[PDB]
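Structure first, commentary second.
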Amino acid sequence: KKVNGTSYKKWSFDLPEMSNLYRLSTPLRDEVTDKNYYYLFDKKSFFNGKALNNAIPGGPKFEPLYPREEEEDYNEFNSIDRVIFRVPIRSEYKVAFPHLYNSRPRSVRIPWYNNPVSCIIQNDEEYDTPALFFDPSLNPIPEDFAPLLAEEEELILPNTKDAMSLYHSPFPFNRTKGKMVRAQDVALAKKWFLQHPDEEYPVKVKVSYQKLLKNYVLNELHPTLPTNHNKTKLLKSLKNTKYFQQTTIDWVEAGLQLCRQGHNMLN
Amino acid sequence: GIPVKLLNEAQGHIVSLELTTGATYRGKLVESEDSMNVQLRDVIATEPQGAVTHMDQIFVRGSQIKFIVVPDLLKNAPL
Amino acid sequence: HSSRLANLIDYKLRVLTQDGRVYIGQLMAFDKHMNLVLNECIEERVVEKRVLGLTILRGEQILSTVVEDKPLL
Amino acid sequence: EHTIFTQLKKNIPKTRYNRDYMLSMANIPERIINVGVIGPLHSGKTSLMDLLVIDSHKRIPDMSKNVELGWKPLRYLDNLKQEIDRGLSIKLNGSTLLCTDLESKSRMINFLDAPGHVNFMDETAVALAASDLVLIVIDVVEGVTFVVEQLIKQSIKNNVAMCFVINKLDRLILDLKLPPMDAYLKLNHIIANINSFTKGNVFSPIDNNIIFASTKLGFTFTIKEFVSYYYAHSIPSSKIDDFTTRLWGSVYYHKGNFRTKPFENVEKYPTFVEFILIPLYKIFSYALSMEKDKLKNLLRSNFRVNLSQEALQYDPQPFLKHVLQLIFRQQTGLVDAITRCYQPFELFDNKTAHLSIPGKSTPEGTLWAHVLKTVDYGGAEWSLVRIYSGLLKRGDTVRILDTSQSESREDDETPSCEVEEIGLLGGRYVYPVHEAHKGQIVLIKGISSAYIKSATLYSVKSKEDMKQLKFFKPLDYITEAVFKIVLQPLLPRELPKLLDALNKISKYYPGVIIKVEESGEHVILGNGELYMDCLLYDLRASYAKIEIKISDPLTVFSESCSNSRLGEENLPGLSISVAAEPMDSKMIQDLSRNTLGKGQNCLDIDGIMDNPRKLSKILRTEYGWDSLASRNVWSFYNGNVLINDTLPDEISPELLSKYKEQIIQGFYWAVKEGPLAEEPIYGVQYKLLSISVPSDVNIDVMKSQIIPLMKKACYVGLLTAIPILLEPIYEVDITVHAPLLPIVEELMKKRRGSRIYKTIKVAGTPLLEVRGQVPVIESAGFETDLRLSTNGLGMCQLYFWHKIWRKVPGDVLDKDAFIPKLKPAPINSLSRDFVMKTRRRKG
Amino acid sequence: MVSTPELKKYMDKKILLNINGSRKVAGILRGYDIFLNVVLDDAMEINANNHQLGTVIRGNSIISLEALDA
RNA sequence: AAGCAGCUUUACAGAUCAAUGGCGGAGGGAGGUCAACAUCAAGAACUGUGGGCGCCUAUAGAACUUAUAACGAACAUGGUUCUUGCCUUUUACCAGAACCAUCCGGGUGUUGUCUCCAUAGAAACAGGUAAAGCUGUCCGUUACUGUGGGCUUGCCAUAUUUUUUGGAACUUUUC
Ligand SMILES: Nc1nc2c(ncn2[C@@H]2O[C@H](COP(=O)(O)OP(=O)(O)OP(=O)(O)O)[C@@H](O)[C@H]2O)c(=O)[nH]1
């Protein structure tokens, strides 16, 4: 019931399984739930921040992609003496409404705007709080027919609370039915260099964030779409015939056989 | 019931009807009822004699209606 | 009940009225008042005939019902 | 023809109820209706329409599996790459749709779905003009914030039926985690809070003007519907509708016994909570937390519902939807309350009057109908029209008019064209129509040549009726342009295309106001940052492909006085002395609200068309407005009031009553321009002090003469009057969680608008609504300083309502106090800066 | 039941009613009922000899209702 | 939502024990870090080929759209060309742009199988495609009853003005 079978693909679960799992995983994952948090840290503000060559304080600083800043013309239009100077016009603006501040934008992807500002409340301190609990920090603000589900006496269930806590989770948890991934296919720490450093960090780890956002952008910007219908997995093919046969072993041992193996072949 | 809904659906189209009186009325139908009251405009009455008339606004009582005859497009209408 | 009345649905019928006229055509709808809806109707006053179309008869006016033909394809 | 229609067949993904039955019900006047839908940002409008669309079609293709279940919500009525990449509806889109009621008898309906974003209010304006009633839709969290007040105020001010839908209840229970009794006083609390803003009526859950929903979960409550679907099968059909009235508003049944007494016996929650909120909570919290079969047995037992093991197997959310969308059926409860909440006879003359001079003359016998909007669908451009009188077919030659040329009021008065084609709006698809009937809204083809913006359409055989018929106002766009950006094409040889580019925009976008200066540099006026952005994108992509050039964000100042006089003709046969006066902030505030004068409200200055004894009755009565001046009030402006004030007037009265056109035409000429920036003049009363007139006037008195004279008289009028410089201010709405308040304070300071005008807590949420003021010219990039600074928390809207114009902090003419370029200007000296600057683009 | 008919538009206006037995009456429409009983003032019979009466016409009888002046 | 009746089934005793009619079956389930051979974003519309009776289905090519909303909520390297670099150049990089590769995977179908399991059987015969009960025959219960299950049902019960507890009855003249 819990999985496909021996081929081990395509798992599945039930709730408290998750809720436990999540509760345990959470120290590893501190990630802001709402998309609305990320604004100029999203993907498209990084693209536009590239195509237009803009520097975000927490964004990575890239190459021009258009080599030339050089055309500069004064003119009846441009003259300082006809233009009214108020406000700095920060870069971030030019990443915000890029058809507005940064003129002649090219290959510029139109950003998202305005999500609802998630107000979700959660108890990360007391777990003896019942299901529906007015939060301290909220503003003050014939006999035989009956209600339907009130037939059952009480709505709050031992699970339902963490059913709620799981109603919001990043991709893995909120889904209780999914399939299998290579171990390295999982990326644990990708989350952490998507976040604000806040302050207390040294410029070491901050600059590190800028590094990994840079690389991240690059890893995003180039999809592929190949297909290998030609190549049967090299093992599957080569293990055909004779000179190879299949067995089991302890891992470390196979390691050793390899150690002398290629050690030889070097010699 | 469906026999009433059909009526409500022909509101606005032009309708023919017959009463226990013996006369038939023809005109655009404006208001109906669950009783089967009617309210028509530009009516062209025709009794047993053949006597034609014009009535600007007209009411009926359902009890008095024998049978109504309604527009052709109202056969594709939903049941 | 009314199980028999649903069985008549979409058959050509011959309906005699208290007025004497006899209407003929398929049956589209039936009611709790016995209001009948008929498609492509013809009254037969009597060697006589007239074309109406869609007709909705009242319950008071109807006397009896009688099948002309089977349900049409 | 009909065959090309057949290759249209496989395009429009048909529908349950087919067409010709719907489009058959069309010609009937009393059926159909128009429904516009509005709420503030992210109310769920566009999504709600998504619900209705799926309650319509079976086949809608473009649903991915990924959307079918779940996680990413469908946008249909968001047809544009622009809308889809942004995530907010821009150009309102409807779906002409047939729906049914609880009583099963189906009305044809015109669905219109507007943007909620304040900058785009323009289309909501347009939406009103079409809509017979609106659904105002609320995020349950923020209740009704100020923008909503402005909304309802506007719609009632347009005499149009309403209903309310409070929405995203899901967000309430799940995010906010409300104990039921919190929630009931929530709903209630809001409903009172709005009824306060409801003049001359009140809404109420049983009034069926209030409808509950969540879109993302796709469910809807009208207690009529709700109960009927369920409790109806319980109790004898007599008591039921009574029991509806027995539901909301503090009523208790202890055992089968309805008693308003406190709650006695033991348990206490009111009847509403009893049959609605709690059992709902049980639906959610169980369907999340409950063993499936446990739910199943309840689905038969209570609800007569059946799960399929497919539906059994789902991640919590997509399941949970299918749960609800299954338990509730193809929401007609919405429609049903709409169904009964609109009165054709009562209000039809109200609204149809509000947009013209009422009459009425020429009933029927005519084709006359109201043209709102020139729209761009997948193919090219159609026109959006509501049909008041007549029928229409392809090719029918018809006569054209625009709303300004209906401000004018035989031959030559009409440019005319045929209907090239007629569509119905099917959202992403368009449904061809040959024949068009009274009352239904449709698209036309080929008429775009005729005009810009709002256009009245008519075809009439009777010069009787032609004289008798009336004409629609230029539509009030509920917020004024106020935002200014200079455009130049980057390659001035490219100049021509840009023009027609601009042209189409002035059509496709209602509120934008475009100019071409003397200098040649083109000018754009739009609501705010976002708005004119959407323009510029559609401009550098859709229409013109030309790479263009853009200025710094700008405002549009104005010219006023804070309190002698001569005037001279270059042939001094005229003797003119006109001083100027500041004017009443009371009359200012009442001019800001343009009304029909209903109630003690000071009548709009349009009511000088109502008796100058009536007008001067409002004046003398309310303002202490000088009775002599009230009889000396001559004209109003695009702006303030002009008065003939002196005895020499009466000395030469007929001489004046001859030339009054020369006076006022010269005067509109004046206040349109201005002495300082050639920008509008505001808050200025001209008492007309002295005139002499050329000797025995042998074609001596001419508009050519007196007009630019009195023009000067106005100019110097302001100049000696201690003129100041008017500025606008975006009225600021800010939405935050509480602890972040200090942050906002900071920013306000720096922006120098820095006005925290009100501070507000939001019922039962951790929310502060703050209201404030910041100057448009200081409003650049504000919203992103917010959104960054609060880490996405909070939210920002800069709206122009009440049109309040502050003073420019500087003295208009002081040459020295400036400090050089490439700096923000010193707060003590400004108006000199601003004015000299504009002038350098002027004189 | 008791669908209050559309006689709001006839209140305080002249009428030309028709009733059972081919008899008809003129009058100012004062009030109406659930079963369509009517209140007429200044009631005049139409035999062609017109007799002044001054009247409550019964509902069942009513065949129809006209308006003299637009 | 109980019971009654109707409908569907059902373990069935049955009429027939014929011709029938219905539903299923004429090659099972699932799972196999099992392989072989194919295929692989989606959609409307144009052209060509093939099959079946102008229409439908399959395959190939071209154009447009989707946010490239995603074969993988994964990303690694290499090559050619243009800007960059510098002197070095190689190893090679740097840092971008384009266009080409490779590699690590994934999914679907078909075929052949392997493991654990399933109980009638009619899983019997003959026709062909790229596919199959696809077709024809065929057989299992059976097409009309009573016991037992479920509902899709009666819509749930009104003699006093708008339908079903009657204003009906009766007579006579005209063509
Ligand atoms: N929590 C919650 N959010 C919803 C629900 N329905 C819609 N939303 C949010 O509404 C936002 C989009 O609103 P739309 O309906 O698509 O468009 P809109 O509400 O009219 O906003 P505009 O179109 O720009 O006026 C998305 O962020 C959804 O998350 C709901 O039922 N529950």
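In order, the protein sequences belong to chains A, B, C, D and E.
Its first residue numbered 251, the first sequence is counted upward by one per residue in my numbering.
Its first residue numbered 15, the second sequence is counted upward by one per residue in my numbering.
Its first residue numbered 87, the third sequence is counted upward by one per residue in my numbering.
Its first residue numbered 1260, the fourth sequence is counted upward by one per residue in my numbering.
Its first residue numbered 5, the fifth sequence is counted upward by one per residue in my numbering.
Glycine included, every Cβ here is placed at the ideal spot set by N, Cα and C.
Whole-angstrom Cβ separation of residue i and residue j, contact assumed at under 8 Å?
i	j	result
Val1400 of chain D	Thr2024 of chain D	5 Å
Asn1426 of chain D	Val1396 of chain D	5 Å
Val2035 of chain D	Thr1814 of chain D	4 Å
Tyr1710 of chain D	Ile1659 of chain D	7 Å
Do the CB positions of residue i and residue j come within less than 8 Å of each other?
i	j	result
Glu2037 of chain D	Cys2055 of chain D	no
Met1308 of chain D	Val1296 of chain D	yes
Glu1818 of chain D	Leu1977 of chain D	yes
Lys1808 of chain D	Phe327 of chain A	yes
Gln1576 of chain D	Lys427 of chain A	no
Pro310 of chain A	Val467 of chain A	yes
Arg1345 of chain D	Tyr363 of chain A	yes
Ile1988 of chain D	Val2033 of chain D	yes
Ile1950 of chain D	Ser1834 of chain D	yes
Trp1641 of chain D	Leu1554 of chain D	no
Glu1739 of chain D	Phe2059 of chain D	yes
Once DSSP output is grouped into helix, strand and coil, what is the label at residue i?
i	result
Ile1287 of chain D	coil
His418 of chain A	coil
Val1296 of chain D	strand
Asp70 of chain B	strand
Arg1872 of chain D	helix
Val333 of chain A	coil
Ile2063 of chain D	coil
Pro1691 of chain D	strand
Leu40 of chain E	coil
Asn1452 of chain D	helix
Of all the CB atoms in chain D, is at least one closer than 8 Å to the CB of residue i?
i	result
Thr491 of chain A	no
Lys80 of chain B	no
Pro92 of chain B	yes
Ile499 of chain A	no
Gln25 of chain B	yes
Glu326 of chain A	yes
At least one CB of chain E closer than 8 Å to the CB of residue i: is that the case?
i	result
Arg75 of chain B	yes
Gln53 of chain B	yes
So that I know if they touch, is there some Cβ in chain B lying closer than 8 Å to that of residue i?
i	result
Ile1287 of chain D	yes
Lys1273 of chain D	no
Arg1290 of chain D	yes
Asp1279 of chain D	yes
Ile32 of chain E	no
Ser68 of chain E	yes
Leaving aside the five residues before and after residue i along the sequence, list all residues of the same chain whose C-beta is less than 6 Å from its C-beta, in chain order.
i	result
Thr1404 of chain D	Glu2028
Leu1878 of chain D	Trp1884, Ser1889
Which residues in the same chain have their Cβ closer than 7 Å to the Cβ of residue i, if we skip the five residues on either side of it in sequence?
i	result
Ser2013 of chain D	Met2007
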